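Coming up is one lone chain in structure tokens, specifically the form deposited in one PDB entry.
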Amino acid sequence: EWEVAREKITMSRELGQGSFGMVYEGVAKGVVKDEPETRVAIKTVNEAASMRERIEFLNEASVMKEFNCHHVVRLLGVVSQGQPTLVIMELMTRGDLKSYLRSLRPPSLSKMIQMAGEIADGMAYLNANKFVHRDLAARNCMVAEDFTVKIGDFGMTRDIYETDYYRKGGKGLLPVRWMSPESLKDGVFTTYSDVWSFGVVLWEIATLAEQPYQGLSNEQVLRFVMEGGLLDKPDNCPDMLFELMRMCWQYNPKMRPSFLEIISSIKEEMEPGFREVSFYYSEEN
């Protein structure tokens, strides 16, 4: 019942290539409440794909059928009939948060706190649903037309950010520069490690997306972040942000704040709209 007739979907220009195939920018006609057409992002599957990739695709989308938070890119619909298979989702005109930020290269705080607070509301919602994003960083956060930041389209894939990952012991691609020291060590991902990445996302927002630990190598990151090293407070960083940052980089994961606690601490520095849309104020919470 998330099924949509191809008739209702247009497609208007390629955005780029996604893990499972080309992802387009388009329009849908029967996908929102009281809204004729709606700008949407269309995700197709390569024609070469194995019958197993068409079942990974269709399953990654079956995952979001359980989500519904204003701060996590939404799944508007699937076209599971005919071909090319289509997954339809809320369009984020401004794109990924890392690019956006790299764009602004010469934010207030009202603006930096609004980003942080939406991302955190997204996470709080996810963790609340027993979900643990395991690759939370600017690049996997998208920015909407109205500048809202959302935890969108899970992971995405490859792209211009290959340097963002490394294969600790040649065992596959991991975002080490965003990973908690306990993860680096043991390799396990938790909501606490999610909070660790959150503070790196915050650090990204203050440095307009610089590369975490730039003067270091990936092999050097691992040593440094595992031994109790942290990032420096950036040039003109608001004493508040950085304070929130190292609340997140507490070595012991249990001494770290939760995402809800993080919102609660900035609950009143955020635009008036938050309260009526967020998860934090939702009865769900």
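Just so we're on the same page, rigid core means the largest C-alpha set that superposes within 1.5 Å between forms. A residue's number is simply how far along the shown sequence it sits, counting from 1.
Keep in mind that the form deposited in another entry is missing from the display, and what follows is about it.
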| query | finding |
| --- | --- |
| Rigid-core fit between the shown form and the other one, the member of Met247, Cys69, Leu231, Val31 whose C-alpha shifts 2 angstroms or more | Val31 |
| Core-superposed C-alpha of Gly155 shifting 2 Å or more between the shown form and the other one | yes |
| Rigid-core frame, C-alpha of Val221, shift of 2 angstroms or more between the shown form and the other one | no |
| Core-aligned CA displacement of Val277 at least 2 Å between the shown form and the other one | no |
| Sense of the change in Cα distance from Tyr161 to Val149 in the other entry - at least 3 Å versus the shown form | farther |
| CA-CA separation of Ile113 and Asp159, closer or farther in the other entry than in the form shown [shift of 3 angstroms or more] | farther |
